[PDB]
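In: Below: the sequence, then the experimentally determined structure.
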Amino acid sequence: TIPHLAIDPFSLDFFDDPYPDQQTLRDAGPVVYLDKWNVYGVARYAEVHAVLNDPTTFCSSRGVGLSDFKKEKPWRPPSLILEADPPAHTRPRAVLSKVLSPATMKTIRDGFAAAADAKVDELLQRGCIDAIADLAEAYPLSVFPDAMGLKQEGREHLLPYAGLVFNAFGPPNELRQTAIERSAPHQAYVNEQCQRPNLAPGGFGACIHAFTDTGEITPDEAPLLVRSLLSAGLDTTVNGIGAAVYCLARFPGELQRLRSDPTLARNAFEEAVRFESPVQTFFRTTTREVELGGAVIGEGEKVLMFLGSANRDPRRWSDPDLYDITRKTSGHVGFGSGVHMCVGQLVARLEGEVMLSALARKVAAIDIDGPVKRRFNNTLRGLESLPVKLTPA
Ligand code: HEM
Ligand SMILES: CCCc1ccc(C(=O)O)cc1
Ligand SMILES: [Cl-]
């Protein structure tokens, strides 16, 4: 039989410090039932990995939030990629893979790296800065909207829209209800920018539209795929970079190793994604009765995957609660796993790498010098404010 737990993984108490409850979730069994929301939960690495890698049994087209699209109306038209299963998923996935391809990274790296170096030089002139607003947020804002081909006007709607998207995967708690209440202006802005004439030549948005000539997607699919990048492409990186800086600030020995070998920048970022898991949770819906970790789950049930917990599971990781920039990080599930594994992962890693490279070369110490404030969101883990003093190398 499956253990029933009263833990609310979407409560502010949980967000404030999820680690003890995540252990309780892992140790109760391979599959638990969360009475608060009437969903199954898997918090160990093995089951999270298994669920992610069986999209046939554990589907996405009934939503990857708590809401079951078979029962309730989606809050916005479903994503053609995140909220689709093969074979409908396959061609939109291929388009985004090509738009954000290894070859595409060559076209943006120079500019992304220059912007990272410039940002760190700017911050060093101030010394004492907020590593969230002034760095984790400022840097992606300085490169990603431009890479998308967005106009300047209205960009202030991007972070609010993303906060909404990520809150909306949650249960109908206050965070979700308030986000949806306030959604109209952000939706209006984002939806408008997804149209072809509003996306600058050569940018990711224009490229998605260009693919409508190939037979991979129709012209009416392009705006929703642009919408995907404007939903997933900014706030994720904000929280990833924030995570990495927060790790370096707390683990000075690791900052020193990074300074000594800046080639560790990419793995130092990857390890931060594992360690903090800025994207904490996703759901699937079962398409049949299924046996998972000795437990039987009926058809049409929501299954909550704890990515952050999987990334700290001692059954998989040695010293999971240590930040180690030379850890073998391959296998972590912070970007997911399988057919939906983050299609933007090369952009995320590029941003993280060039920022950590800039810090590695320019900064001697990162010392927290004010109160740290956490930001609460149904799906994202990260900080509201991280006051630090940056000492120049
Ligand atoms: C550190 C930064 C990021 C993290 C931690 C992250 C995390 C994730 C995760 C866990 C998934 C899997 C969702 C699932 O299995 O249902 C995912 C998918 C996705 N991500 Fe990322 N992401 C990041 C950055 C980005 C960026 C920069 C972009 C685009 C520029 C992006 C676009 C997408 C899209 C479109 C999907 C859906 C892919 C599919 O359904 O096939 N993400 N991401
Ligand atoms: C971690 C990224 C989560 C995510 C992925 C895809 C979408 C979308 O296609 O709209 C929105 C959010
Ligand atoms: Cl929308």
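Out: Noted; the coordinates are in hand. Residues are numbered from 1 along each chain as shown. Ligands and ions are numbered 1, 2, ... in the order given.

In: helix, strand or coil for residue 238?
Out: Assigned with DSSP: H, G, I helix; E, B strand; the rest coil, residue 238 falls in the helix class.

In: which residues of the stretch 251-393 of the chain fall in helices?
Out: For the stretch 251-393 of the chain, the helices defined by DSSP state H, counting those that start in this stretch cover 252-260, 265-276, 307-310, 345-362.

In: what about the shortest one, distance to the chain center?
Out: What separates the centre of helix 307-310 from the centre of its chain is 13 Å, taken as C-alpha atoms, centre = their mean, to the nearest Å.

In: Send me it as PDB with only the CA atoms.
Out: This file holds the C-alpha atoms of helix 307-310, laid out as PDB (Å, rounded to 0.1, in the frame of the first residue of the first chain):
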ATOM      1  CA  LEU A 307      13.000  17.200  -9.700                       C
ATOM      2  CA  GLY A 308      14.800  19.000  -6.900                       C
ATOM      3  CA  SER A 309      14.400  16.000  -4.600                       C
ATOM      4  CA  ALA A 310      15.600  13.600  -7.300                       C
END
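
In: Against which helices or strands is it packed?
Out: helix 19-28, helix 45-52, strand 281-286 (3 or more C-beta pairs under 8 Å, 6 or more residues apart in numbering; DSSP states H and E). Every C-beta, even on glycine, is put in place using the N, C-alpha and C of the backbone.

In: Report whether that helix contacts ligand 2.
Out: No - applying C-beta under 6 Å from any ligand atom, one finds helix 307-310 separated from ligand 2 by no less than 9.7 Å.

In: Can you tell me what sits against that helix?
Out: Under the contact criterion C-beta atoms under 8 Å, 6 or more residues apart in numbering, helix 307-310 has outside partners 18, 22, 25-26, 43-45, 48-49, 276-277, 279-282, 316, 333-334, 336, 381.

In: how does it look with 7 Å?
Out: 18, 22, 25-26, 43-45, 48-49, 277, 279-282, 333-334, 381 (C-beta atoms under 7 Å, 6 or more residues apart in numbering).

In: Need phi/psi at residue 2.
Out: phi -90, psi 130 (degrees, to the nearest 10).

In: Residue 321 too?
Out: Residue torsions, per degrees, to the nearest 10, at residue 321 are phi -90, psi 10.

In: cool, and the one 4 residues further on?
Out: Dihedral angles phi and psi of residue 325 (degrees, to the nearest 10) take the values phi -70, psi -10.

In: Identify the residues contacting it.
Out: Residue 325 touches 254, 257, 258, 264, 267, 268, 271, counting by C-beta under 7 Å, 6+ apart.

In: Same check on residue 207?
Out: residue 99.

In: Kindly confirm my reading that it is in a helix.
Out: Yes - membership of residue 207 in a helix is supported by three-state DSSP.

In: ok, back up a step: rebuild the helices and strands packed on helix 307-310 as a markdown table, extending it with distance to ligand 1 and mean neighbour count.
Out: As requested, the helices and strands packed on helix 307-310 are exported to a markdown table (distance: least, C-beta to the nearest ligand atom, whole Å; neighbours: other C-beta atoms under 10 Å):
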| stretch | distance to ligand 1 | mean neighbour count |
| --- | --- | --- |
| helix 19-28 | 16 | 17 |
| helix 45-52 | 6 | 22 |
| strand 281-286 | 4 | 23 |
